[PDB]
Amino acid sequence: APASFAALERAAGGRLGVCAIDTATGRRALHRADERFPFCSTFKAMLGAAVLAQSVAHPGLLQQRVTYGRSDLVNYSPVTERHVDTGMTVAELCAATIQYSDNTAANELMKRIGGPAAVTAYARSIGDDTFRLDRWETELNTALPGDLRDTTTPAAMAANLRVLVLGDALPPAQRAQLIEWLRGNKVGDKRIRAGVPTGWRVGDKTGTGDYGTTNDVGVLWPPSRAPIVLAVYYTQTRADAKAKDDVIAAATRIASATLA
């Protein structure tokens, strides 16, 4: 098996980006940590945080029912497609978008809170000047080489996760909620979760896009040691490239070994 990030990139082809932070010591494991990558679904973690942050000023926000129609449904909406008739609450849409990566849920939340610009504004509010959300689902996953729309860096996303999950960017109640949503990711078993020991607990958000883009970002809680924050981004040369779950699992093993 490839033993370094550089070696893994050469084996897999494409372009790999990693930022892993050992929160005990502040040591980092890095590869292209300051390069931009298309974030795809991983922004949904930021979207959830942005909604929770708005809920601090308006506690009733999470309660609000959002109704949407058949024509609002975009591809990959396994939860929202079941509730065209009732609609769903803001909190329900957050859980759906983070835990099942539901695309319509993301769009409907963004309509409520002020669109792509609102998520970008939220990123700036927590000290992320790098993140930019430009488009809606599913266009934001085009992942075109050379396009800066809908990108961030592994280092910027890892820093966001550190302050959101382990820091005080959110008040305790909202911080606890974000953690519950991330720990409940249902669609990431073959990625970060596949590259850590089963004793480690994971809260994460995956993403996948065109150009075989394969991403996963989150926080890892080892049983007897301080948490590690891990952001992994990966993208490939051909537009029809296949996503590579195993690249993320391998990057995770290397990061966890390095910070052992």
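Residue numbers run from 1 along the displayed sequence.
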Item to check | Greater mean Cα temperature factor according to the PDB record, 102-110 or 82-90 | outcome: 82-90
Next on the checklist: If you average the CA temperature factors as listed in the entry, which stretch comes out higher, 91-99 or 160-168?
Outcome noted: 160-168
Next on the checklist: Per the entry's Cα B factor values, which of 192, 66, 229, 51 stands out as the maximum?
Outcome noted: 66
Checklist outcome for this item: Note to self: of 203, 59, 212, 38, the C-alpha temperature factor tops out at 59
Item to check | Ranked C-alpha temperature factor of residue 70 among modelled chain residues, by third | outcome: middle
Checklist outcome for this item: Tertile call for residue 28 (CA temperature factor, within chain, third-based) is the highest
Next on the checklist: Ranking every modelled residue in this chain by its Cα temperature factor as given in the entry, which third contains residue 45?
Outcome noted: lowest
Checklist entry - Within this chain, which third does the Cα B-factor at residue 185 fall in: lowest, middle or highest? => result lowest
Checklist outcome for this item: residue 18: CA temperature factor from the record, placed by chain third, in the middle
